[PDB]
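A.B. asks: Handing you a structure now.
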Amino acid sequence: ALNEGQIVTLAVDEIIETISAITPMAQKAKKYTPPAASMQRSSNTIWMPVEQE
Amino acid sequence: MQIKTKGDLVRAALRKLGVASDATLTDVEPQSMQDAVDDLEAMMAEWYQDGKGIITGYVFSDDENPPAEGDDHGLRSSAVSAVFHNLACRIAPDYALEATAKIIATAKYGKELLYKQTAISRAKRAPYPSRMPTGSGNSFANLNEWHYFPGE
């Protein structure tokens with residue numbers, strides 16, 4: 001034969017998925033939003049009450 | 001600075017008064033030194049009203065330290081002139097003298113310069129009253145239900 005044509009390299013964009021993780025705890029955790037007034041990062045502390053006895 | 005102790009302050013005050021200096025031919029009197037040191041301690045205590053007066057960096061001697069003289073006063077370099085001029089003015093009547101106009105004016109100027117920075121620091125504006133709204137412009141606070149300033 002000896003067909004000395006032109007050689008090209010083919011890259012295909014059908015990816016190989018490898019990672020599939022689950023987060024069963026953060027979904028159960030409640031996402032709160034603090035009633036902050038000022039947009040300052042200086043020790044963002046929000047105080048909330050406790051049920052009375 | 002070459003004025004580093006209460007003794008140096010007292011010697012400078014006495015030299016300014018003319019009581020005992022090398023400009024004259026008199027040496028500092030040991031019994032006068034103790035009384036001048038007591039007057040200086042009293043004047044620093046009266047100025048610094050336990051933290052609510054003039055802040056200078058002066059270090060107050062304790063009963064444990066035997067000599068009141070010899071301890072570093074701890075003043076910054078910018079208060080020595082005021083301290084020893086006021087000391088001279090205060091201890092002048094002990095010798096039945098009167099401090100001169102230049103000494104009195106320098107004492108006034110030094111005290112004013114001493115309190116300048118503390119007055120600037122205390123020139124602080126009070127917080128907003130607790131009955132003031134934050135205004136609808138403050139979107140973050142209004143969404144977070146901060147419709148009024150916290151105050152206090």
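Letters A, B, ... mark the chains of the structure tokens in the order given; residue numbers begin at 1 per chain; ligand numbers begin at 1, in order shown.
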Chain A near chain B within 10 Å: what's each residue's closest atom pair and its distance in Å to one decimal, counting only C-alpha atoms, ordered by chain then ascending residue number, as JSON lines?
C.D. replies:
```
{"residue": "A:33", "atom": "CA", "partner": "B:144", "partner_atom": "CA", "distance": 8.9}
{"residue": "A:34", "atom": "CA", "partner": "B:144", "partner_atom": "CA", "distance": 7.8}
{"residue": "A:35", "atom": "CA", "partner": "B:144", "partner_atom": "CA", "distance": 4.7}
{"residue": "A:36", "atom": "CA", "partner": "B:144", "partner_atom": "CA", "distance": 6.4}
{"residue": "A:37", "atom": "CA", "partner": "B:141", "partner_atom": "CA", "distance": 4.6}
{"residue": "A:38", "atom": "CA", "partner": "B:141", "partner_atom": "CA", "distance": 7.0}
{"residue": "A:39", "atom": "CA", "partner": "B:140", "partner_atom": "CA", "distance": 8.0}
```
A.B. asks: Find the spatial neighbours of residue 89 of chain B, counting only C-alpha atoms, within a cut-off of 8 Å - ignore same-chain residues fewer than 5 positions away - and output them as a list in words.
C.D. replies: residues 17, 98, 99, 103, 104 and 107 of chain B
A.B. asks: Next, the residues of the selection above should be written as a short mmCIF file (atom, residue, chain, number, x, y, z; two decimals), in the first residue's frame with N, CA, C and O atoms.
C.D. replies:
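Listed below is the output, out_16.cif:
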```cif
data_model
loop_
_atom_site.label_atom_id
_atom_site.label_comp_id
_atom_site.auth_asym_id
_atom_site.auth_seq_id
_atom_site.Cartn_x
_atom_site.Cartn_y
_atom_site.Cartn_z
N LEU B 17 13.50 78.78 86.62
CA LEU B 17 13.17 79.74 87.67
C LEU B 17 14.38 80.56 88.10
O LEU B 17 14.20 81.65 88.66
N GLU B 98 8.23 84.80 91.53
CA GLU B 98 7.12 84.81 90.59
C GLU B 98 7.66 84.48 89.21
O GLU B 98 8.60 85.14 88.74
N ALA B 99 7.08 83.47 88.57
CA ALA B 99 7.52 83.09 87.24
C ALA B 99 7.27 84.22 86.25
O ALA B 99 6.29 84.96 86.36
N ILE B 103 7.77 82.36 80.81
CA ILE B 103 7.55 81.04 81.39
C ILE B 103 6.06 80.73 81.45
O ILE B 103 5.63 79.62 81.11
N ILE B 104 5.25 81.70 81.88
CA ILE B 104 3.81 81.46 81.98
C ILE B 104 3.20 81.21 80.60
O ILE B 104 2.38 80.30 80.42
N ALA B 107 4.10 77.80 79.41
CA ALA B 107 3.31 76.78 80.10
C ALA B 107 1.91 76.68 79.51
O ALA B 107 1.40 75.57 79.29
#
```
